[PDB]
Amino acid sequence: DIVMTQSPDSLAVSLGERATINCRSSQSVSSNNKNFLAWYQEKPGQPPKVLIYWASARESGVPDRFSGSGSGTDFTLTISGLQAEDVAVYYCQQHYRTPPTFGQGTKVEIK
Amino acid sequence: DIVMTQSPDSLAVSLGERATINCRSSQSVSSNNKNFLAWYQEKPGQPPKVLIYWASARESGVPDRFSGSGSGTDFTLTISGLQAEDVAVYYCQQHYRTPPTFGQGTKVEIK
Amino acid sequence: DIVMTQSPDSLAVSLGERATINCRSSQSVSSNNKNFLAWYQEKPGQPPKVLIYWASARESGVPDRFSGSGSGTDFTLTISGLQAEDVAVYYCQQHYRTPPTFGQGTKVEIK
Amino acid sequence: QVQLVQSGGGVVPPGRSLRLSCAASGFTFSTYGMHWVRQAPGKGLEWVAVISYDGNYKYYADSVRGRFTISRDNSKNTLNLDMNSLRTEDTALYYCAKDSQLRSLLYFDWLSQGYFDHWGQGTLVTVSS
Amino acid sequence: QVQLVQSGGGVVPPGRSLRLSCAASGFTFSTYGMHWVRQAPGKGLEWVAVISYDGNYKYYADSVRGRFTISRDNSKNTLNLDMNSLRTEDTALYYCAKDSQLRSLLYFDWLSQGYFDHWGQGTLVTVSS
Amino acid sequence: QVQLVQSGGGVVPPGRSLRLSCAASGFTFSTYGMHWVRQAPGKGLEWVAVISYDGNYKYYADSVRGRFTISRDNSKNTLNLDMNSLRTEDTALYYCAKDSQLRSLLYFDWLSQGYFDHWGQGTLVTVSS
Amino acid sequence: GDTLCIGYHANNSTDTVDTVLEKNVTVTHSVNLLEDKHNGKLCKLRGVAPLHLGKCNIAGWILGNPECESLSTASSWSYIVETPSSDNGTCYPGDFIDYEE
Amino acid sequence: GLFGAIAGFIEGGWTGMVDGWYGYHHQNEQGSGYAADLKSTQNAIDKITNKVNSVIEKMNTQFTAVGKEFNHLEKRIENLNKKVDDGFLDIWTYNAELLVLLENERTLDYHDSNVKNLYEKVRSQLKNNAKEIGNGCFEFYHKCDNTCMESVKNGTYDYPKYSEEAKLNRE
Amino acid sequence: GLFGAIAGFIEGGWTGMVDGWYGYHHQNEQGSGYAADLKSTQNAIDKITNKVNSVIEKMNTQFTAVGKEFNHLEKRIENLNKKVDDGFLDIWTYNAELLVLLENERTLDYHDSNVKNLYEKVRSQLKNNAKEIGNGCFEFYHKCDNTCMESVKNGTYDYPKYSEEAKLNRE
Amino acid sequence: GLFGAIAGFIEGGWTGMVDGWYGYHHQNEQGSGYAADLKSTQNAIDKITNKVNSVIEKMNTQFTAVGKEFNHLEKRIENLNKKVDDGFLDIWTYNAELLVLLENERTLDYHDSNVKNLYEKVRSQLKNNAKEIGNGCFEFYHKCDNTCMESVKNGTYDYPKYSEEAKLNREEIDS
Amino acid sequence: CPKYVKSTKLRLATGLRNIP
Ligand SMILES: *[C@@H]1O[C@H](CO)[C@@H](O)[C@H](O)[C@H]1NC(C)=O
Ligand SMILES: *[C@@H]1O[C@H](CO)[C@@H](O)[C@H](O)[C@H]1NC(C)=O
Ligand SMILES: *[C@@H]1O[C@H](CO)[C@@H](O)[C@H](O)[C@H]1NC(C)=O
Ligand SMILES: *[C@@H]1O[C@H](CO)[C@@H](O)[C@H](O)[C@H]1NC(C)=O
Ligand SMILES: *[C@@H]1O[C@H](CO)[C@@H](O)[C@H](O)[C@H]1NC(C)=O
Ligand SMILES: *[C@@H]1O[C@H](CO)[C@@H](O)[C@H](O)[C@H]1NC(C)=O
Ligand SMILES: *[C@@H]1O[C@H](CO)[C@@H](O)[C@H](O)[C@H]1NC(C)=O
Ligand SMILES: *[C@@H]1O[C@H](CO)[C@@H](O)[C@H](O)[C@H]1NC(C)=O
């Protein structure tokens, strides 16, 4: 199948700055000018909710400070002005083949 | 026209046995799983009613004991459990070209 | 640009007979069994009016005694049964390129 | 129930015309083409002529080409056959048949016509002196 | 019935603008295209411009390009023709005509129009010192 | 409002069946596919199984193939997961998810699923003696 | 070497169309079959101004409610306009049968 | 993209040309440029304007009066009128949407048809004097001035005139 | 003609062949005339008659009474009846007209496709034993007699049988 | 089919492959087996699911109560309601039936188009290096080792590198 | 006047597939 890695793992920054995590896939996932990647975020004691779908859009109810981009095999999630209530775990997920595979995951927390 | 004749004629069998009538065409008749042949039965003083249409199906009304099969250029009429009031004359038929060339005719008669 | 032209200029013609007016184009005009020509008749001090459309059809208002023909690059206009009020100026134009050029002008006048 | 009743046959000497009619009832007529087929005495059945649902196209057997004139009408639902230049060979028993393919189109003289669903009661014709 | 009546002409010195307008009645306006074509005092007719049915695509002749302006307003049933920087060869008798092709699409730079269906009476336009 | 609640989990020794039900309400259930996904303690998420809208075609991952049995009852809007042949590694936290592609068709074993819209609250399953 | 090529037109139109096989495909040229623009006016239908009764209904105009005696009559009208706030109808209470008739 | 010309074996269109829907890109020892096949795209806009007239203008309506007034004692008749309005609403939205979708697909594939048929015409001419290098571009085996550019724009290519030179040039 | 066979690379039909929608014209030392490919046009006839039957038979109308009458005291419901009849008229006219137009276009495209793939079958069965002269005609490199005609039309043409003879005349 | 690739120049389908609608069956000196193409049939699945979504969901329907009741003195309005419902029945039956039949033909034509486009892609990609032996099969004029199947199946086959040996072996074949 | 539809967009395509 397809495996991916998020190179920053358990990165720590304080409130207000920028947090960048990448996502490198084993093979190409994007097709016909469309990004087949989604991001997920879970807090302790809560199910992992969707954060950004199709790697550029945004689920209604997500704050505007959460944005992401990327193409081909490399994608990035960026946090504009981290808040203390956003300490959580982020996931990659390519929904291109019948075994959707989640990334190993990264943690964002206070410095 | 597509000349078409059947070999067995004037067959005579008693009640209960089998009577087979194979029928040959000089050129291929069926195409695209469309077996273009019919069998017709008439008694003396009676109009020729259809017996088997499409060479495999059954027109509603004829006894179930009358059946036929075959494909390509060989097409057979088989009578199982022949009953006394089923003595008649059987005609082949090819409706593939506009001239329907009937067989020269076969006849069944009790023994 | 395609430029129209008519050989007879200010031709003098009397009552009752035929006044032919040809029309030569720089290149081909018609395509897909459609003649792309229109004739225009106007009296002095009067607005122009569409006269013959597609070089072969007649309109409502134009007299039956007057018609026209042509195919390809040479199109002709025929004056059959000339009345005195037919003194006018006749014009060619090809509506095959975005500039429809008009002919330099031909005139009919009572001999 | 389909019914193909027909009458008009009889005795005739060679060299004069004869009119036949096969009325139809019990089903919609103008959608099904109809067929002609005959039974020579002591012989087997053989082909005569066909006409489409609309009557626009009219096809003939090779044997009786140019002598038999087929027509149909849909107002009274009758299939009629005209007789020109008869010979003693034409003596037979006439059967009016119905084609099976609904609204069958016959635009060329060899196409695959349908089989015969229903057959007429039969009319007797003799060409003798 | 169709009517193409226009006004707005007169005497204009060179270098100053002039506006012409012809309103239409008796037929549906937004579907058909519209044209302008001019007749010099003694020379003859020659094409000016054309506008599409929706007014999105505006097309010009090879002579008055960069100086004229074609516009239309389907709500007021009114065609218009603005002008910049006239010269001495603009004396003519301005005609606005209709297009025979219904809902024609004038997409590219050489497409074929229809025969000019019906015509206006013509308003006098001249330029002089 | 989309809601996904599931229950029936707990502790189980290896070798006995366990059945889970994820009831759904507040949205059109029968027109969307569903998924199974699990969270191994101390590890990341991984896929389990998928069922399409009509329930004809089902798929599983490479780790639980031939042991699980995903099933669905659209008459009760209830997703089910028959779960047999346990081992110690199978302990995780099970979620039921909904696909994003409306009325998606799954006909082969490599197609592109949609992203997971909404998730269940999660129930604990563990394998211990 | 000399090289000819075969291609097709391309521009920067942002107009998009939806087909059966695919959705949101950009196209160079289009026409919109559905118009969603209304002028916000009650134009004269068939060249005739509507019989705008203002603050009165059909009962007010036809029966002669004094609150709308000011509005004049017309030789013809195409359709009748009533405001939603038109309450000045049958001032004396009663049943004006076949009113909608 | 059924017939496979647009978005198929053609990578993409040329934005540098505006003259026609179905254009060329000539290039010879003098230089290059853009042009358009007049006949093909003239035919294309003609047929498509016919499509537009046959869709819009054909919608045949005469005078209608939709709104109806009813009192509280005629609720059944008003409900029947509401059902009628909803039924024609449903029919018209369904047919309108499906019909416009089908027309969109047919028009896109007609464009694909014109591009592919033009490609097949230029392949029918020039039968063995050009290498089909791909993406719709022919690499000519013989140097010829704009008589051959305009000639393949124009339907009058002369194969035997350059056939022997092409045979000599191929190794 | 989306596929581009009729009025495409074939300039026009043949008026002297009333024996099938699709045919071959062949000349050689001992035979010349027009004859039809029986199977292809027979399949076309069957498909087209099924198409016409599908268009016509889907009328399933029960016994209806369109005519309705109402006196002066219920002019409203008479207007409602007129509204219903007018709406049915409008939807039937629009749907039927555009259905007929689309079906006619599809039928013409079907016939075009049959011509195109008949030509495709012939060229595939013939390979390079003949030169594509154009106009959908073939010029053989070898003596191809009446049984060679039957081999080409029936579908049992042989490649290696005439390969050496064709290579003899190709240099 | 209208393209001659479903029961056309390719006669019968393959039951041997399971991993997609459009695929390949290849054999060489080192191995064999079916190898389904990915991108073309993935796009096919996407367009077909959009097609069925458009056919099903574009018909929107609101709440209604088509059941009406009338008494004995008002048979006319009852018959009017019956006519309205019956006319809706005929409109819906015909529009639905013709939609189903036309879309059936359309999607079969789509599948035929896709398989023919795949064949045309492989034919243009390989060209003179392979011999079309009919029934959608190419016989190489050389012995291609690996990445040849893979590059054919994803449209990135390197032509000129194999061309030298292809034409060298070609001379043995066509004199 | 035309018939009312609750649809949002009916754009009948006329041009190519816009691929710059
Ligand atoms: C447009 O309105 C004017 C002014 O009321 C009227 O005279 C004219 O008849 C209307 N136009 C048409 C084409 O009827
Ligand atoms: C496309 O680009 C042109 C310049 O070539 C520009 O004038 C035009 O406004 C652009 N079109 C759109 C729709 O933005
Ligand atoms: C369609 O795609 C364009 C980009 O091509 C995007 O900006 C737009 O939001 C999309 N619209 C819809 C309705 O998906
Ligand atoms: C007319 O309507 C107004 C609405 O404010 C109401 O106050 C008034 O009493 C009404 N007059 C009559 C005569 O009905
Ligand atoms: C071809 O075309 C250009 C203009 O497009 C012309 O000026 C030039 O002379 C021509 N080239 C040759 C080699 O004839
Ligand atoms: C183009 O074709 C026309 C006839 O269609 C012919 O007269 C002309 O010579 C050809 N060539 C050029 C360069 O116009
Ligand atoms: C090449 O792939 C084939 C399957 O196509 C396989 O049988 C073989 O082992 C591979 N060989 C090499 C040399 O990579
Ligand atoms: C196609 O597959 C080959 C073989 O692995 C690879 O080299 C090539 O990059 C692939 N092409 C694309 C566009 O992914």
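cryo-EM is the method the PDB entry states for this structure, with the resolution given as 4.1 Å.

Of regular secondary structure, chain J possesses 4 helices and 4 strands. Along the chain direction, N to C, the helices and strands of chain J fall in the order β-β-α-α-β-β-α-α. Expected size for 175 residues packed as a compact globule is a radius of gyration near 16 Å; at 27 Å, chain J overshoots this value by more than 25%. Referenced to the eigenvectors of the C-alpha coordinate spread, the extents of chain J come out at roughly 95 × 30 × 25 Å. Residues classed as buried in chain J amount to 40% of the 175 residues present. If you take every contact in chain J between residues at least 6 apart in sequence, the share linking residues at least 24 apart comes to 51%. Of the side chains in chain J, 20 bear a positive and 28 a negative charge, and the two mean positions are spaced by 5 Å.

Let us now look at the pairing of strand β5 (residues 49-53) of chain A. Residues and elements named next belong to chain A. The element β5 is largely enclosed, with a buried count of 4 among its 5 residues. With 4 bridges connecting them, strand β4 (residues 37-42) and β5 associate as antiparallel partners. For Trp39, the partnering residue across the bridge sits in β5 and is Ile52. In sequence, β4 turns back onto β5 through a hairpin of 6 residues, with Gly45 there showing a positive phi of about 85°.

Turning our eyes to something else, we now look at the interface of chain H and chain G. When the parts come together, some accessible area is lost, and that loss is often what is quoted as the size of the interface. The interface of chain H with chain G comprises 47 residues on the first partner and 23 residues on the second. Taken together, the two surfaces of chain H and chain G that pack against each other cover about 2900 Å², and 63% of this comes from carbon and sulfur. The tally of links between chain H and chain G comes to 0 salt bridges. Applying the counting rule to chain H against chain G returns 14 residue pairs in polar contact. Counting residues per element, the ones that place at least two in the side of chain H that touches chain G are α1 (5-9), β1 (23-24), α2 (38-57), α3 (75-124), β4 (137-140) and α4 (146-152) of chain H. Ranked by residues supplied to the side of chain H that touches chain G, first place goes to α3(H) with 9 residues. Of the residues in the side of chain H that touches chain G, the class split is 27 nonpolar, 14 polar and 6 charged. Across 3 bridges, the pairing between strand β1 (residues 3-5) of chain G and β4(H) is antiparallel. Note on β4(H): the bridge partner recorded for G:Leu4 is H:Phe138.

Glancing now at the interface of chain J and chain F. If you look at the interface, chain J gives 14 residues, while chain F gives 9 residues. Contact with chain F buries surface across chain J, with J:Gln42, J:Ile45 and J:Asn53 losing the most and accounting together for 35% of the total. The interface formed by chain J and chain F includes 1 salt bridge. Across the pair J:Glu57 and F:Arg103 runs a salt bridge whose closest N-O atoms are separated by 3.0 Å. Tallied by class, residues from the side of chain J that touches chain F come to 6 nonpolar, 5 polar and 3 charged.

The subject of this paragraph is the sheet that holds strand β7 (residues 68-73) of chain D. All names here are of chain D. Taken in spatial order, the 4 strands line up as β1-β3-β8-β7 in an open sheet, and their pairing is antiparallel. Each edge of the sheet is formed by a strand with only one pairing partner; in this case those strands are β1 (3-7) and β7. Within the sheet, the average angular offset between the axes of one strand and its neighbour, ignoring direction, is 20°. With 6 bridges connecting them, β7 and strand β8 (residues 78-83) associate as antiparallel partners. In the sheet register, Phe68 faces β8, and the bridge partner there is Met83.

Let us look at the sheet that holds strand β7 (residues 106-110) of chain C. Residue and element names in this part refer to chain C. Sheet architecture is open: 5 strands sit in the order β1-β7-β6-β2-β3, paired in mixed fashion. Two strands lie at the open edges of the sheet, namely β1 (11-13) and β3 (49-53), each paired on one side alone. Mean inter-strand twist for the sheet, computed between neighbouring axes without regard to direction, equals 30°.

Scoring rules and cut-offs
Residues numbered from 1 in each chain as written, not as in the entry; some residues may be left out. Chains lettered and ligands numbered in written order. Part of a larger assembly, values for the part shown. Heavy atoms only, no water. Helix = DSSP H or I, 4+ residues; strand = E, 2+ residues; numbered from the N terminus. Rg over C-alpha atoms; globule rule 2.2 N^0.38 Å. Buried < 20%, exposed > 50% of the residue type's maximum accessible area, 1.4 Å probe, protein only. Contact = heavy atoms within 4.5 Å. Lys, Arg positive; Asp, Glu negative; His and termini not counted. Charge placed at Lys NZ, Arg CZ, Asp CG, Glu CD. Pairing = 2+ DSSP bridges. Buried area = accessible area lost by both parts, 1.4 Å probe. Salt bridge = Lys/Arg side-chain N within 4 Å of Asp/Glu carboxyl O. Polar contact = N/O pair within 3.5 Å; in protein donor to acceptor, adjacent residues only side chain to side chain. Nonpolar A, V, L, I, M, F, W, Y, C, P; charged D, E, K, R; others polar. Axes fitted to C-alpha atoms, helices over the stretch in contact; angles between N-to-C directions.

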